[PDB]
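Worksheet: the structure to be examined is printed underneath.
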Amino acid sequence: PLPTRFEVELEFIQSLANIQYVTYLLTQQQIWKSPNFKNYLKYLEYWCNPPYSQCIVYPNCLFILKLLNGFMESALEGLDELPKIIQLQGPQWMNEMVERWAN
Amino acid sequence: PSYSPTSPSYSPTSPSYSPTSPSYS
Amino acid sequence: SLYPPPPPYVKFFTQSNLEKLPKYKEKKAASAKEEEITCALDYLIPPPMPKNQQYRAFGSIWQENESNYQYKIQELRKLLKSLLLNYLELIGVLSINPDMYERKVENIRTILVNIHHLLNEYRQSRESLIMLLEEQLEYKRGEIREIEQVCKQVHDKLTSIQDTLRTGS
Amino acid sequence: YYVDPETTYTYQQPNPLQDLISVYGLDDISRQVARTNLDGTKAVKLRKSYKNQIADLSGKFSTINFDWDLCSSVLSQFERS
Amino acid sequence: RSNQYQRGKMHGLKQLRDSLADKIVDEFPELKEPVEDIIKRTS
């Protein structure tokens, strides 16, 4: 059967955690140029509250989209540095996610 | 001899532009 | 391609759609007093939770003060004893008539499998909560007690100094 | 749990522990071609193939629808020529 | 050679299960009764 929009949006959110997916998406000009994609990104922000957050599979993308949120006022430029910066800042970002959830 | 060697100008931060497309079977 | 295309509705919502969303939802609520897609602005309306409270994905289904266990213990002990006994009987089978040894092997595994079932009801998150509870509780008690110890020793030193200066008067 | 008194396993027959050669009185041929005699001495010289079974016959084995009358007549005519 | 291997492994297995039965009786007397039946199930 045809999946509902819940399933596709949740799978998109969980796939946003992949660094390769983010690099590919930012590689194309019209994806960042079009305001539709960033409008959808800001629309996706409302999943950080329960009970929606209970349905997530990988919490890392929760910050990544938020990090992607920062990308709208930080610039495309910085795309090259994305894998290095995520690899370097994985420890502290995981720690802050744990502080947000595990405590 | 050699007046001066070249400074290492590596750019690992370069993201590269390899096209990926034939992944689906 | 390797990367699936973005969702289609993503491209429908511009800044104008975002700013006209309030009047659109007001009109929709006034009119209202699977959702059919009659207008391009319908998706921004929050999707409704399914009544069955279930979600299917990849062939799998998904959906208070912490915010006879002796029967299970004795069942586990007797199951372990029976498992050892059946292991002995199976190795004896291997000794004398190994040709039919498998006839018991899977049987023993079933008991082992039952052991896994016996773990399922015993599943431990509350126990982890308890252990974290006592570790931070004892850590904060240690910090507190060293605080009053150090302030009390400072006060004792101050009193001793006061006595010393009074004696020198 | 699996202890079933109704499930009884019988001894495998024949028992490998016993002398399986003598179970069916099968010692004659084994003694005939035994590696060594009762005293341990070599009985006969041992080799590989069937050649020595034909040595008694005359010869030098160094290296190891149809009308019969018509064929015989043809051979006779060929030899007489 | 195969027959000697069979006999030696049979003797080894027999001593294995004899010792295992003896010790299971020793440290676990309550399971002593089935163990003998196990022998009756095997022998």
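Identifiers in the structure tokens: chain A, B, ... in order shown; residue index from 1 per chain; ligand index from 1 in order shown.
What chain C places within 8 Å of chain E, counting only C-alpha atoms, is residues 85, 88, 89, 91, 92, 93, 95, 96 and 97 of chain C.
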Export of the given selection (N, CA and C atoms) as an mmCIF file, in the first residue's frame:
```cif
data_model
loop_
_atom_site.group_PDB
_atom_site.id
_atom_site.type_symbol
_atom_site.label_atom_id
_atom_site.label_comp_id
_atom_site.auth_asym_id
_atom_site.auth_seq_id
_atom_site.Cartn_x
_atom_site.Cartn_y
_atom_site.Cartn_z
ATOM 1 N N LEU C 85 21.464 -31.882 32.964
ATOM 2 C CA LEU C 85 21.116 -33.295 32.857
ATOM 3 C C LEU C 85 20.946 -33.719 31.400
ATOM 4 N N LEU C 88 24.288 -33.990 29.716
ATOM 5 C CA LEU C 88 24.907 -35.269 30.049
ATOM 6 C C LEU C 88 24.289 -36.406 29.241
ATOM 7 N N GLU C 89 22.960 -36.423 29.133
ATOM 8 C CA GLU C 89 22.312 -37.497 28.383
ATOM 9 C C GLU C 89 22.650 -37.411 26.895
ATOM 10 N N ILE C 91 25.460 -36.111 25.540
ATOM 11 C CA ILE C 91 26.833 -36.550 25.316
ATOM 12 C C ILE C 91 26.941 -38.059 25.486
ATOM 13 N N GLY C 92 26.125 -38.655 26.365
ATOM 14 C CA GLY C 92 26.046 -40.110 26.402
ATOM 15 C C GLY C 92 25.513 -40.699 25.107
ATOM 16 N N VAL C 93 24.532 -40.029 24.498
ATOM 17 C CA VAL C 93 24.032 -40.446 23.187
ATOM 18 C C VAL C 93 25.151 -40.404 22.155
ATOM 19 N N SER C 95 28.180 -40.744 22.800
ATOM 20 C CA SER C 95 29.099 -41.818 23.161
ATOM 21 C C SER C 95 28.655 -43.153 22.576
ATOM 22 N N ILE C 96 27.393 -43.515 22.772
ATOM 23 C CA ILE C 96 26.952 -44.870 22.446
ATOM 24 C C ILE C 96 26.327 -44.945 21.055
ATOM 25 N N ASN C 97 25.322 -44.118 20.776
ATOM 26 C CA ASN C 97 24.614 -44.132 19.494
ATOM 27 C C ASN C 97 24.532 -42.723 18.911
#
```
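Near chain B, counting only C-alpha atoms at 10 Å, the chain C residues are residues 1, 2 and 3 of chain C.
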What are the closest atom pairs, with distances in Å to one decimal, for all residues of chain D lying within 8 Å of chain C? Consider only C-alpha atoms, order rows by chain and residue number, and present the result as a Markdown table.
```
| residue | atom | partner | partner_atom | distance |
| --- | --- | --- | --- | --- |
| D:1 | CA | C:82 | CA | 6.2 |
| D:2 | CA | C:86 | CA | 7.0 |
| D:11 | CA | C:97 | CA | 8.0 |
| D:12 | CA | C:97 | CA | 7.0 |
```
Output N, CA and C atoms of each residue in that selection to a file, as a short mmCIF file (atom, residue, chain, number, x, y, z; two decimals), in the first residue's frame.
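Written out: part-v8.cif:
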```cif
data_model
loop_
_atom_site.label_atom_id
_atom_site.label_comp_id
_atom_site.auth_asym_id
_atom_site.auth_seq_id
_atom_site.Cartn_x
_atom_site.Cartn_y
_atom_site.Cartn_z
N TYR D 1 13.12 -32.90 32.39
CA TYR D 1 12.23 -32.36 31.37
C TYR D 1 12.11 -33.32 30.19
N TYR D 2 13.25 -33.72 29.65
CA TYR D 2 13.30 -34.65 28.53
C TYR D 2 13.47 -36.10 28.97
N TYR D 11 20.97 -51.36 22.13
CA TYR D 11 22.36 -51.44 21.71
C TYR D 11 22.45 -51.55 20.19
N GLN D 12 23.43 -50.86 19.61
CA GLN D 12 23.65 -50.94 18.18
C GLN D 12 24.20 -52.31 17.81
#
```
Problem - Near-segment 17-19 of chain C list (12 Å; only C-alpha atoms; drop same-chain fewer than 5 positions) as JSON, numbers by chain - result: {"A": [35, 36, 38, 39, 40, 42, 43], "C": [10, 11, 12, 24, 25, 39, 40, 41, 42, 43, 44, 45]}
For C-alpha atoms, I'd like the residues from the last selection saved as a PDB file, in the first residue's frame.
```pdb
ATOM      1  CA  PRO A  35      13.469  28.522  -0.641  1.00  0.00           C
ATOM      2  CA  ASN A  36      11.083  25.542  -0.667  1.00  0.00           C
ATOM      3  CA  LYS A  38      14.685  25.442   3.608  1.00  0.00           C
ATOM      4  CA  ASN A  39      11.015  26.174   4.316  1.00  0.00           C
ATOM      5  CA  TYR A  40      10.472  22.424   4.670  1.00  0.00           C
ATOM      6  CA  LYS A  42      12.152  24.829   9.260  1.00  0.00           C
ATOM      7  CA  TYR A  43       8.780  23.060   9.120  1.00  0.00           C
TER       8      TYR A  43
ATOM      9  CA  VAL C  10       8.502  20.113  -0.346  1.00  0.00           C
ATOM     10  CA  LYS C  11       8.615  22.252  -3.490  1.00  0.00           C
ATOM     11  CA  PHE C  12       5.023  23.488  -3.119  1.00  0.00           C
ATOM     12  CA  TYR C  24      -5.677  29.440   5.371  1.00  0.00           C
ATOM     13  CA  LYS C  25      -5.964  27.392   8.561  1.00  0.00           C
ATOM     14  CA  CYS C  39      -5.396  22.671  -1.876  1.00  0.00           C
ATOM     15  CA  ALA C  40      -1.619  22.985  -2.025  1.00  0.00           C
ATOM     16  CA  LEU C  41      -1.586  24.363   1.549  1.00  0.00           C
ATOM     17  CA  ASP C  42      -3.044  21.238   3.191  1.00  0.00           C
ATOM     18  CA  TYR C  43       0.287  19.655   4.163  1.00  0.00           C
ATOM     19  CA  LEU C  44       1.342  22.393   6.611  1.00  0.00           C
ATOM     20  CA  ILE C  45      -1.657  21.396   8.758  1.00  0.00           C
TER      21      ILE C  45
END
```
Give me, as a Markdown table, the closest atom pair and its distance (Å, one decimal) for every residue of chain A within a cut-off of 10 Å of chain C, counting only C-alpha atoms, rows sorted by chain and rising number.
```
| residue | atom | partner | partner_atom | distance |
| --- | --- | --- | --- | --- |
| A:3 | CA | C:56 | CA | 8.9 |
| A:4 | CA | C:34 | CA | 8.9 |
| A:5 | CA | C:47 | CA | 8.0 |
| A:6 | CA | C:47 | CA | 7.3 |
| A:7 | CA | C:57 | CA | 7.6 |
| A:8 | CA | C:7 | CA | 7.9 |
| A:9 | CA | C:7 | CA | 8.2 |
| A:11 | CA | C:57 | CA | 9.5 |
| A:12 | CA | C:6 | CA | 8.3 |
| A:20 | CA | C:3 | CA | 9.2 |
| A:21 | CA | C:3 | CA | 7.0 |
| A:24 | CA | C:3 | CA | 7.9 |
| A:25 | CA | C:3 | CA | 8.7 |
| A:31 | CA | C:6 | CA | 9.3 |
| A:34 | CA | C:11 | CA | 8.2 |
| A:35 | CA | C:14 | CA | 6.3 |
| A:36 | CA | C:11 | CA | 5.0 |
| A:37 | CA | C:10 | CA | 6.1 |
| A:38 | CA | C:10 | CA | 9.1 |
| A:39 | CA | C:14 | CA | 6.9 |
| A:40 | CA | C:10 | CA | 5.9 |
| A:41 | CA | C:10 | CA | 9.1 |
| A:43 | CA | C:44 | CA | 7.9 |
| A:46 | CA | C:46 | CA | 9.8 |
| A:52 | CA | C:49 | CA | 9.9 |
| A:55 | CA | C:62 | CA | 9.0 |
```
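All residues within chain D that the backbone DSSP calculation assigns to alpha helix (DSSP H) are residues 20, 21, 22, 23, 28, 29, 30, 31, 32, 68, 69, 70, 71, 72, 73, 74, 75, 76, 77, 78, 79 and 80 of chain D.
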Go ahead and save the picked residues with N, CA and C atoms, as a tab-separated table (two decimals), in the first residue's frame.
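part11.tsv, written as the output of this step:
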```tsv
chain	number	residue	atom	x	y	z
D	20	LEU	N	34.21	-58.18	15.59
D	20	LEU	CA	33.28	-58.22	14.47
D	20	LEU	C	33.70	-59.22	13.40
D	21	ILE	N	34.98	-59.57	13.33
D	21	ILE	CA	35.43	-60.57	12.36
D	21	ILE	C	34.83	-61.93	12.69
D	22	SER	N	34.80	-62.30	13.97
D	22	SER	CA	34.35	-63.62	14.39
D	22	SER	C	32.86	-63.68	14.70
D	23	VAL	N	32.13	-62.58	14.51
D	23	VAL	CA	30.69	-62.59	14.78
D	23	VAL	C	29.98	-63.56	13.84
D	28	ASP	N	38.30	-67.14	8.23
D	28	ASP	CA	39.06	-67.99	7.33
D	28	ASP	C	39.79	-67.17	6.27
D	29	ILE	N	39.07	-66.29	5.57
D	29	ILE	CA	39.69	-65.50	4.51
D	29	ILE	C	40.66	-64.49	5.10
D	30	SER	N	40.32	-63.92	6.26
D	30	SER	CA	41.22	-62.98	6.92
D	30	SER	C	42.54	-63.65	7.28
D	31	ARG	N	42.48	-64.88	7.79
D	31	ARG	CA	43.71	-65.62	8.08
D	31	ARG	C	44.44	-65.98	6.79
D	32	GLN	N	43.70	-66.24	5.71
D	32	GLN	CA	44.33	-66.63	4.45
D	32	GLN	C	45.21	-65.52	3.90
D	68	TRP	N	30.01	-66.91	-39.47
D	68	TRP	CA	31.37	-67.34	-39.17
D	68	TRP	C	31.97	-68.15	-40.32
D	69	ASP	N	31.14	-68.93	-41.01
D	69	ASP	CA	31.64	-69.74	-42.12
D	69	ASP	C	32.15	-68.87	-43.26
D	70	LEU	N	31.44	-67.79	-43.57
D	70	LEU	CA	31.88	-66.90	-44.64
D	70	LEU	C	33.20	-66.23	-44.29
D	71	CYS	N	33.34	-65.77	-43.05
D	71	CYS	CA	34.59	-65.15	-42.62
D	71	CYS	C	35.74	-66.15	-42.63
D	72	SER	N	35.47	-67.39	-42.21
D	72	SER	CA	36.50	-68.42	-42.26
D	72	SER	C	36.93	-68.71	-43.69
D	73	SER	N	35.96	-68.76	-44.61
D	73	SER	CA	36.30	-68.98	-46.02
D	73	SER	C	37.11	-67.82	-46.58
D	74	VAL	N	36.75	-66.59	-46.20
D	74	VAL	CA	37.50	-65.42	-46.66
D	74	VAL	C	38.94	-65.47	-46.15
D	75	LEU	N	39.11	-65.81	-44.86
D	75	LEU	CA	40.45	-65.94	-44.31
D	75	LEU	C	41.24	-67.05	-44.99
D	76	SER	N	40.58	-68.17	-45.29
D	76	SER	CA	41.24	-69.26	-45.98
D	76	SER	C	41.70	-68.84	-47.37
D	77	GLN	N	40.85	-68.12	-48.10
D	77	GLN	CA	41.22	-67.64	-49.43
D	77	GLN	C	42.37	-66.65	-49.35
D	78	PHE	N	42.35	-65.77	-48.35
D	78	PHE	CA	43.44	-64.80	-48.19
D	78	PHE	C	44.75	-65.49	-47.86
D	79	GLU	N	44.71	-66.51	-46.99
D	79	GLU	CA	45.94	-67.20	-46.60
D	79	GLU	C	46.48	-68.05	-47.74
D	80	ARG	N	45.59	-68.68	-48.51
D	80	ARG	CA	46.03	-69.53	-49.62
D	80	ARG	C	46.64	-68.72	-50.76
```
Can you list every residue of chain A that has an atom at most 9 Å from chain B, with its nearest atom pair and the distance in Å to one decimal, using only C-alpha atoms, ordered by chain then number, as a tab-separated table?
```
residue	atom	partner	partner_atom	distance
A:23	CA	B:15	CA	8.7
A:27	CA	B:17	CA	8.6
A:79	CA	B:15	CA	7.6
A:80	CA	B:15	CA	4.7
A:81	CA	B:13	CA	6.1
A:82	CA	B:15	CA	8.9
A:83	CA	B:15	CA	8.7
A:84	CA	B:13	CA	7.5
```
Can you spit out the residues from that selection as a PDB file, in the first residue's frame, using N, CA, C and O atoms?
```
ATOM      1  N   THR A  23      25.961  15.975   2.002  1.00  0.00           N
ATOM      2  CA  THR A  23      26.916  16.460   1.012  1.00  0.00           C
ATOM      3  C   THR A  23      26.317  16.434  -0.388  1.00  0.00           C
ATOM      4  O   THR A  23      26.474  17.390  -1.155  1.00  0.00           O
ATOM      5  N   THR A  27      25.423  19.619  -2.696  1.00  0.00           N
ATOM      6  CA  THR A  27      26.197  19.711  -3.929  1.00  0.00           C
ATOM      7  C   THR A  27      25.404  20.407  -5.030  1.00  0.00           C
ATOM      8  O   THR A  27      25.943  21.262  -5.747  1.00  0.00           O
ATOM      9  N   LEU A  79      30.480  23.669   2.720  1.00  0.00           N
ATOM     10  CA  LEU A  79      30.108  22.308   2.347  1.00  0.00           C
ATOM     11  C   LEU A  79      31.309  21.374   2.410  1.00  0.00           C
ATOM     12  O   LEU A  79      31.193  20.229   2.861  1.00  0.00           O
ATOM     13  N   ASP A  80      32.472  21.848   1.960  1.00  0.00           N
ATOM     14  CA  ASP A  80      33.681  21.033   1.999  1.00  0.00           C
ATOM     15  C   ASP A  80      34.052  20.652   3.427  1.00  0.00           C
ATOM     16  O   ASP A  80      34.476  19.520   3.686  1.00  0.00           O
ATOM     17  N   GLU A  81      33.898  21.585   4.365  1.00  0.00           N
ATOM     18  CA  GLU A  81      34.295  21.367   5.748  1.00  0.00           C
ATOM     19  C   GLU A  81      33.286  20.519   6.520  1.00  0.00           C
ATOM     20  O   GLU A  81      33.570  20.137   7.659  1.00  0.00           O
ATOM     21  N   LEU A  82      32.134  20.201   5.927  1.00  0.00           N
ATOM     22  CA  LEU A  82      31.091  19.487   6.663  1.00  0.00           C
ATOM     23  C   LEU A  82      31.541  18.133   7.201  1.00  0.00           C
ATOM     24  O   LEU A  82      31.321  17.871   8.398  1.00  0.00           O
ATOM     25  N   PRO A  83      32.144  17.233   6.411  1.00  0.00           N
ATOM     26  CA  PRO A  83      32.552  15.939   6.995  1.00  0.00           C
ATOM     27  C   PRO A  83      33.597  16.078   8.088  1.00  0.00           C
ATOM     28  O   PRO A  83      33.496  15.422   9.133  1.00  0.00           O
ATOM     29  N   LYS A  84      34.597  16.937   7.881  1.00  0.00           N
ATOM     30  CA  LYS A  84      35.623  17.129   8.896  1.00  0.00           C
ATOM     31  C   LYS A  84      35.024  17.688  10.182  1.00  0.00           C
ATOM     32  O   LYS A  84      35.354  17.225  11.279  1.00  0.00           O
TER      33      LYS A  84
END
```
Practice task
Within 8 Å of chain E, which residues of chain D are there when counting only C-alpha atoms? Please give them as a PyMOL selection string.
Solution key: chain D and resi 3+7-11+16-17
Please dump the current selection as a tab-separated table (two decimals), in the first residue's frame; keep C-alpha atoms.
```
chain	number	residue	atom	x	y	z
D	3	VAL	CA	13.61	-37.71	30.80
D	7	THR	CA	11.94	-43.83	25.34
D	8	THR	CA	14.45	-46.69	25.45
D	9	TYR	CA	17.44	-46.94	23.11
D	10	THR	CA	18.75	-50.41	22.27
D	11	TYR	CA	22.36	-51.44	21.71
D	16	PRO	CA	31.84	-52.59	17.52
D	17	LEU	CA	33.39	-53.49	20.89
```
Practice task
For segment 58-65 of chain A, list every protein, DNA or RNA residue within 8 Å, evaluated using only C-alpha atoms, and leave out those in the same chain fewer than 3 positions away; present the list as a PyMOL selection string.
Solution key: chain A and resi 13-17+41+45+48+68-69+93-94+97
Written file, previous selection with C-alpha atoms, as a JSON list (two decimals), in the first residue's frame:
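This went into part-v1.json:
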```json
[["chain", "number", "residue", "atom", "x", "y", "z"],
["A", 13, "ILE", "CA", 14.40, 13.07, 8.82],
["A", 14, "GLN", "CA", 16.27, 9.91, 9.80],
["A", 15, "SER", "CA", 18.13, 9.85, 6.47],
["A", 16, "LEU", "CA", 19.21, 13.46, 7.01],
["A", 17, "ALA", "CA", 21.67, 12.09, 9.59],
["A", 41, "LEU", "CA", 13.57, 22.21, 6.88],
["A", 45, "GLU", "CA", 11.73, 21.60, 13.43],
["A", 48, "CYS", "CA", 11.89, 17.83, 18.68],
["A", 68, "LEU", "CA", 21.29, 22.73, 9.08],
["A", 69, "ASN", "CA", 19.10, 25.42, 10.63],
["A", 93, "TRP", "CA", 27.43, 16.95, 20.20],
["A", 94, "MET", "CA", 26.74, 13.37, 21.31],
["A", 97, "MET", "CA", 22.35, 15.05, 23.10]]
```
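Here atom CA of residue 54 of chain D is placed at a distance of 29.1 Å from atom CA of residue 38 of chain D.
One distance worth recording is that between atom CA of residue 99 of chain C and atom CA of residue 115 of chain C, which is 27.4 Å.
Between atom CA of residue 71 of chain A and atom CA of residue 56 of chain A the separation is 22.6 Å.
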